[PDB]
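Q: I'd like to ask you about the structure that follows.
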Amino acid sequence: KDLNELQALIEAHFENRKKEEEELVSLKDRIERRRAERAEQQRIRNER
Amino acid sequence: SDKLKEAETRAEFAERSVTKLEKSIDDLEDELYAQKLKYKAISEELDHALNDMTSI
């Protein structure tokens, strides 16, 4: 039962850190969106 | 005229600083993305190990 509870919590924190990694990936994605939008608006400013 | 020259020089300095800061923050974001990619890769390898350990 020690092994059972331990593997249970292992898979549990697996899932938790996995959700956190998904959130961080979405963060990186919106981050690259922010990079692209800052790039285009900066470039527009520089064009003018 | 002196005041105008001072202001113009300040503006040029600040603009160059903002350009450098933008490039640096983008580069550091790239580095963080790369390290996150490495962490995710080893995490997926460990998750496969856990999937096999479920049979262990």
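Chain identifiers are assigned as A, B, and so on, following the order in which chains appear in the structure tokens; residues are numbered from 1 within each chain, and ligands are numbered from 1 in order of appearance.
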Using only C-alpha atoms, tabulate the residues of chain A lying at most 8 Å from any atom of chain B, each with its closest atom pair and that distance in Å to one decimal, by chain and increasing residue number, as a tab-separated table.
A:
residue	atom	partner	partner_atom	distance
A:7	CA	B:54	CA	7.9
A:11	CA	B:50	CA	7.5
A:14	CA	B:47	CA	7.3
A:21	CA	B:40	CA	7.4
A:28	CA	B:33	CA	7.0
A:35	CA	B:26	CA	7.4
Q: Please measure the separation of CA of residue 5 in chain B and CA of residue 17 in chain B, giving the value in Å to one decimal.
A: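 Going from CA of residue 5 in chain B over to CA of residue 17 in chain B covers 18.5 Å.
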Q: Rank nothing, just name the residue among A:39, A:25, A:10, A:44 nearest to residue 23 in chain B, using only C-alpha atoms.
A: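 Nearest candidate to residue 23 in chain B out of A:39, A:25, A:10, A:44: A:39.
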Q: Give me, please, the distance in Å between CA of residue 32 in chain A and CA of residue 42 in chain B, quoted to one decimal.
A: 23.1 Å
